[PDB]
Structures are given as structure tokens and as C-alpha cells.
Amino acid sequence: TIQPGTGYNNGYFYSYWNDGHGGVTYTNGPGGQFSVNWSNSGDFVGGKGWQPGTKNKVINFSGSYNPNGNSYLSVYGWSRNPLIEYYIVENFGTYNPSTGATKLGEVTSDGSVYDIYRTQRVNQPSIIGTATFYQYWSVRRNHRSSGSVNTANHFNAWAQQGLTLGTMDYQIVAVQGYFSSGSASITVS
């Protein structure tokens, strides 16, 4: 669609990355809109939001999300110091990203209970280069493709459980895929 990279579009930060396998297109639309179309893709992530994010943002999203295979729809971002990759997963495809992960609690927010987990990435790519870092997850039990996410409820619950976030880096609503197919059209605000 557009070239993989980051930048700004109609007031919103955007990030689109892929592994070069092919099979995925990403486009930026008016306002906070973005679309992703994929067919037998590789690894990729794309979406719109903010740089930097905040710890008390109420993120609104709306649209369609039709994965065929392994993909997630999430409020997604990172913190620095400590380096953390985090997800508030609103929907997913064939794989629940918390499969086999250590459960760290539950939090109720925006119409559903979410299960909290912590995982670790070892010597993997990150916003600061190859590194070992933790990932925090809130996985929504009631899947959806529109709604509002009160990020503070998640960040506070994570903190209560000992999952600390550093200074915020980017924070976006993202469609992530791993060797799958699908389509999505989401508007963020």
C-alpha cells in the first residue's frame, strides 16, 4: 500500500512493518483510519496512534477485522526503561497470544473481563535493537472490533501485579499478523 516505516498521517502517528515475505498491504486513510489486506503473508504489524503514548489515554477504535489465520487486533505499544512491549488484545484469529503464558491476574474494563499475562522475548528485535524484554498482555474475553479502551485501567492493574512500565514510546491500535490472511479497516481516535 504505503512503504513500510513510520511517520504521521492526518495527525496520527503510524507504524507499518513487515518481514519482506510479501502478501500484505497497508494503507493510511483520512483522520485516524487505516486498512490492512493480507493473503498468505509473513510477519507484519501496522496501525495508527500516538508517539509518544500516555498512561491515561482513552482510545477509541471502530471498524472491521476479518482474520483468516494468526492475527491480533490490539492497543499495542512500548515503554523504555524498562523496555516493555505491551498489548491490550481486543480480538484475534486462530491463536490466542497468551497460550501457555503465565497468568498474572484479571481486570475488568470497557465491558469485559481481561486476563493478564507476562511473557519474555529473548534476544529479539525491539525499538532499541536486539534485546531480552518482557511483554505484558491484557486479553479481552469478549472479542470485538469497535469500542473504547481505558488504558489506565490496564496499566494500573499491571502495576498492581508487579508489571511495571517505563516511559512510553509509541501507542497505536494495530493489526498484527503472522503468516496468515485477512482484511481490516479501523479508525482510531
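Don't overthink the numbering: it's just position in the shown sequence, from 1.
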### Query
So 124-132 or 24-32, which one's hotter by mean CA B-factor in the entry?
24-32
### Selected stretch [higher average CA B-factor]: 170-178 or 6-14
6-14
### Task
Could you check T94, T102, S112, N81 and tell me which one carries the biggest Cα B-factor in the deposited entry?
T102
### Message
By the CA temperature factor listed in this entry, which of these ranks top: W137, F44, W38, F155?
### Response
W38
### Query
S62's Cα B-factor: lowest, middle or highest third of the chain?
middle
### Query
Sorting the chain's CA B-factors, does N150 end up in the lowest, middle or highest third?
middle
### Query
Based on the entry's values, in what third of the chain does the Cα temperature factor of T164 lie: lowest, middle or highest?
highest
### Third assignment of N70 from its chain's C-alpha B-factors
lowest
